[PDB]
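Working notes, beginning with the structure itself.
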Amino acid sequence: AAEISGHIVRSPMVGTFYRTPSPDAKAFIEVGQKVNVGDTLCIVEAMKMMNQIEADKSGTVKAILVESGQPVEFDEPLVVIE
């Protein structure tokens, strides 16, 4: 069964996933927070430059299939959202 996917942010490309804008900060997003259209999610460092993501239909983080800060490949779900 490959469907019913809540709302992940699979690295749109061969970039990197992130959840901390500042060194030891309050992270970008964590399971429990309810995102909302126009609400920066995480950083998609594509090539090396951050690529902040803005909600497209709100939602609620459910888990980070991907680590925190590391490279990834297209279709590589990182931040899961309900």
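Here, A, B, ... name the chains of the structure tokens in the order displayed, residue numbers run from 1 inside each chain, and ligands are numbered from 1 in the same displayed order.
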
(request) For residue 71 of chain A, work out the shell of residues within 10 Å, counting only C-alpha atoms and skipping chain neighbours fewer than 6 positions away, then give it as a PyMOL selection string. (result) chain A and resi 11+13-18+44-48

Could the residues in this selection be saved with C-alpha atoms as a compact mmCIF listing (two decimals), in the first residue's frame?
# COMPACT_ATOMS: atom_id res chain seq x y z
CA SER A 11 13.81 16.37 -1.04
CA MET A 13 16.03 17.17 -5.58
CA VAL A 14 19.45 15.88 -4.55
CA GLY A 15 19.66 18.39 -1.72
CA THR A 16 19.91 18.18 2.07
CA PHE A 17 17.30 18.12 4.83
CA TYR A 18 17.51 20.45 7.84
CA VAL A 44 16.32 21.90 1.58
CA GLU A 45 19.99 22.74 1.04
CA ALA A 46 19.99 21.99 -2.69
CA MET A 47 23.56 21.95 -4.03
CA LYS A 48 24.75 23.63 -0.82

(request) Show which residues sit within 7 Å of segment 50-65 of chain A, as an MDAnalysis selection string. Count only C-alpha atoms, and ignore same-chain residues fewer than 3 positions away. (result) chainID A and resid 30:46 77:82

(message) For the structure I just gave you, how does DSSP split segment 3-79 of chain A - specifically, which residues are strand (DSSP E or B)? Reply as an MDAnalysis selection string.
(response) chainID A and resid 11 16:18 34:35 40 43:46 49 54 59:63 70:71 76
